[PDB]
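In: As a preliminary step, the opening chains of the complex are given here in situ:
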Amino acid sequence: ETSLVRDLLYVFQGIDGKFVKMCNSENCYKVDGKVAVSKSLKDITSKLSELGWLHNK
Amino acid sequence: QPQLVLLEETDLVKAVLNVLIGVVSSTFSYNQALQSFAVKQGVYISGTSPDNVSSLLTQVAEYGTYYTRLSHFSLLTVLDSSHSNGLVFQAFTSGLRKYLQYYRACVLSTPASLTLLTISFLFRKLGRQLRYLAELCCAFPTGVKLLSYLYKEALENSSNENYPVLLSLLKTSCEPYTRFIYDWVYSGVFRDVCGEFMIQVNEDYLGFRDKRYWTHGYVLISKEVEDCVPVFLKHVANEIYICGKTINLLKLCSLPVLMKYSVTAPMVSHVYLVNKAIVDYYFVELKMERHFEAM
Amino acid sequence: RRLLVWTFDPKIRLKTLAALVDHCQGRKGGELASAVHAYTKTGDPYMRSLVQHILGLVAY
Amino acid sequence: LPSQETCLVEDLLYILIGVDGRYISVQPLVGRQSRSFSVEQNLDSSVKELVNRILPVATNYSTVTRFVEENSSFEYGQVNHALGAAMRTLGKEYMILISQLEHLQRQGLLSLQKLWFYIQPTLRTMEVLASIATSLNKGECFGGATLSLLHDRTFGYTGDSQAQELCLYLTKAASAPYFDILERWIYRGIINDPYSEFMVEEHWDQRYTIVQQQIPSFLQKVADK
């Protein structure tokens, strides 16, 4: 929860924070490598992927 | 025939919860060959009260059987997975899917269940409704005939919880048809590219002026059975015809019958309002009485 | 979800800056003045105020 | 079983954003124009049919994101550049509803059936933006025959009046640069076309200057007038 709130600020400042997102083009999509957690964070971290890619541009 | 010792009662109130939404439980096995739910036959649970759930759970699984038909029907008629069904056939489902989420909001509120009677008696009124609301379309009426089946079914009051939901289905399924009414009487544009309503071209020869159209026939050529919408489409359907013929002659030079009767006389009023414009348009262009004296 | 709507308001701000960066790969003036005047001809004074700011600044 | 369900709802949440999931891997057809999802093995076919009815909303989301990121390769002055960027605003709005679904994921209240009821209004919205985006990609229509194609897609939609209201907003955002170029040609007489944005011939017995290269979607009397 809060660790994802910290993870979004670092790609808002620049390039990836907690984990490696390996994508500098078409969006900086976030990979957690977890399947037992919900699907719900993947869309949210997809939207913060967009805004981090927008500020990298 | 004996199978094994009893399960728990709290496992029963969760298994009836799954068959209502359309999901198999540990005791429910959906059979695609019959499109029905199947409980195990014998002493497996069957009732902590001896052999009673063996019959009561079949009454609610059969009640759960009709719900997965309506969700099956709604997914197969959408025009993102099919391209052979009508727009009026699609609009009947659009009102059905609003009834599906009311079923989903009600099944999600049944915890905490006490016993199997407290849930089936809450859905005893809903049990009569779902049994009606599935097999009206299962015959196979389509489009305007499906619109004709639903108006008859909304006409079947002495039901007071089944009447407003079919009144709402008449309100939604007539939305594409009434959209094709006012574009035809105000400009004369035919709008649907694929519909249950038959399409005529109205091709006019340039050489002969005969009636600005030179052939029309009818799309309902001789039977003329325009059905089940307001006025009942027995006279005004012949005159939304002729005022639709003459609007583009201007161009290029408590009861389901009472609310039906409330749309009816406005549809009588505007055809007479378009008919009194083409009488004035004949007055200003023909000058017919001087030609009448000349003959 | 609350941080979504506090970042949905930059999502109007930075995305019309992304339409600004797609038009001009070059840095030569003159064609930059024809670029931002093709963005002030659009209505909707949300980014039209922002493209008027640079239209006072590329003209300067 | 419920821990494996909360396993699933996070894997569902990963594919709503357009991100590769945890136990759902994505196999690209030609580069994820159409996504063939590989979900993990089942020990229960009950939850397999629950995720099976959810994945068409990410199939339709993959087509529109493929097309609006193809608009960056459409980087010219054309009506497709303004249409898909307005589709990115609808994709921006689609991400608001998921972030509220994630804001509902702040504690355990959701199952596979619960969010499937919440994806129902956005399913028909995503499937009509899917059929528009694949039809603009096949023939590669350009300009006003584009507007003729969207108008047949509006005519083919006729019915579901709440959702022809959305693609009515889609076709007028596409016609929004097509109308700003017209007032210079109809009220000033001098045209400003970046790359064949309007139909024009260049301007004694000079020539006809008859032109129909865009084909405005309405009848033929306006294009001569």
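Out: Received, thanks. Residues are numbered from 1 along each chain as shown, chains lettered A, B, ... in the order given.

In: List, one by one, the residues from chain C near chain D.
Out: Residues of chain C lying near chain D by C-beta under 8 Å from any C-beta of the partner chain: C:1-2, C:4-5, C:8, C:11, C:15, C:19, C:22, C:38, C:41-42. Every residue, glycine included, has its C-beta placed from N, CA and C.

In: And the next helix or strand past the helix or strand harbouring residue B:147?
Out: Taking DSSP states H and E as the definition, residue B:147 sits inside helix B:144-154. Sequence-wise, the next helix or strand downstream of helix B:144-154 (DSSP H and E) is helix B:163-173.

In: Let me know the secondary structure of residue B:203.
Out: coil (DSSP: H, G, I helix; E, B strand; the rest coil).

In: wait, it sits on residue B:216?
Out: No - counting by C-beta atoms under 8 Å, residue B:203 stays clear of residue B:216, with 9.4 Å between them.

In: and the most centrally placed residue in chain B, what helix or strand is that in?
Out: For chain B, the residue nearest the mean C-alpha position is residue B:92 (3.0 Å; C-alpha atoms, centre = their mean). Using DSSP H and E, residue B:92 sits in helix B:87-107.

In: can you dump the C-alpha coordinates of that helix into CSV?
Out: Extracted in CSV, the C-alpha atoms of helix B:87-107 (Å, rounded to 0.1, in the frame of the first residue of the first chain):
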residue,chain,number,x,y,z
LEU,B,87,-31.0,-3.2,-33.2
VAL,B,88,-34.4,-3.7,-31.5
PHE,B,89,-33.2,-7.2,-30.6
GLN,B,90,-30.2,-5.5,-29.0
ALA,B,91,-32.3,-2.9,-27.2
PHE,B,92,-34.3,-5.6,-25.4
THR,B,93,-31.1,-6.9,-23.9
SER,B,94,-30.0,-3.4,-22.8
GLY,B,95,-33.0,-3.3,-20.4
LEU,B,96,-32.4,-6.9,-19.4
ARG,B,97,-28.8,-6.1,-18.3
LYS,B,98,-30.1,-3.4,-15.9
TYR,B,99,-32.3,-6.1,-14.4
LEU,B,100,-29.2,-8.3,-14.0
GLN,B,101,-27.3,-5.9,-11.7
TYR,B,102,-30.4,-5.7,-9.5
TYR,B,103,-30.2,-9.5,-9.2
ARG,B,104,-26.5,-9.1,-8.4
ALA,B,105,-26.9,-6.5,-5.8
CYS,B,106,-29.6,-8.6,-4.1
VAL,B,107,-27.7,-11.9,-4.1
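
In: could you also fit chain E onto it:
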Amino acid sequence: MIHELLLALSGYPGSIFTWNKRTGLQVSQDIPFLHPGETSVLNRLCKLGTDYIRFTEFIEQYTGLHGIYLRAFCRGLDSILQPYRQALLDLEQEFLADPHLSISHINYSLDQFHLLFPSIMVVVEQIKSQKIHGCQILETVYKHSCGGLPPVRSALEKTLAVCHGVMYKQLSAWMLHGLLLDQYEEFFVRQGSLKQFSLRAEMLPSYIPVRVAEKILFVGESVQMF
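Out: Adding chain E to what we have so far:
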């Protein structure tokens, strides 16, 4: 055997209580864990589940002869199973608070249904043996609600009140437009500028006075000719 008897009460088959569908029963008591007294009451408890599936066949035939009042009689009958099915779920939490309670309280709740369920089963059997069609089900239920049994006389008045609402629909729509909304001509007004209309005695209720029938007919015939 708590769950076995609530679910023998819902009407579904077993292999101890073998049931084919909707009409036939074999008792099959070679059972070791019930007593010879306790199978006699399961036959008393099955007779209240036998008429409950003699009831759903009356639903699916009409919902899902003919007439517009046959399914008007159907949303009368769903209200008599509704506290029945409400009582089926209150027995469910009885089996969860303590799963050791024996069957006599379940016998006790079904002695309460013992005078509601045959008393409506004798009604539908008298309905289907006269081969009734139209308004004369409503007159059959009116002399059935002429009877007493104070829980049951309200129940045959609730089944009376819902198909009187379909009667209430008819003379409301007939007096607004003059439109005869009938498909199987199930109304006493029948088409016999003026466009004469006529009466019908078999579709007229006899508790409505006979001299009232032309007051809706002839005024409704005269609103039809406009």
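
In: where exactly do the helices run in chain C?
Out: C:2-8, C:10-23, C:33-40, C:48-58 (DSSP state H).

In: Check the stretch 1-150 of chain B too.
Out: B:9-21, B:53-65, B:67-76, B:87-107, B:117-120, B:124-135, B:144-154 (DSSP state H, counting those that start in this stretch).

In: same deal with chain E?
Out: E:2-9, E:36-60, E:74-77, E:82-97, E:104-112, E:117-128, E:136-144, E:150-173, E:213-224.

In: Please apply the same query to chain A.
Out: Using DSSP H, helices in chain A cover A:2-13, A:40-56.

In: wait, what's in contact with the residue most central in space within chain E?
Out: With distances taken as C-alpha atoms, centre = their mean, residue E:77 lies nearest the centre of chain E, 3.3 Å away. Going by C-beta atoms under 8 Å, 6 or more residues apart in numbering or on different chains, residue E:77 touches E:55, E:58-59, E:120, E:159.

In: Equivalent analysis for residue C:18, please.
Out: A:54, A:57.

In: measure it to residue C:10 for me?
Out: Distance, residue C:18 to residue C:10, by C-beta to C-beta, to the nearest Å: 11 Å.

In: which residues are in contact with stretch A:45-57?
Out: Contact partners of stretch A:45-57, identified using C-beta under 8 Å, 6+ apart, comprise A:4, A:7-8, A:11-12, A:14-15, A:21, A:23-24, A:26-30, A:32, C:4, C:7, C:10-11, C:14-15, C:17-18, C:21, D:16-19, D:92, D:95, D:98-99.

In: For residue D:91, see how far away the closest residue to chain C within chain A is.
Out: Chain A approaches chain C most closely through residue A:54 (4.4 Å), counting by C-beta to the nearest C-beta. Here residue A:54 is placed at a distance of 13 Å from residue D:91 (C-beta to C-beta).
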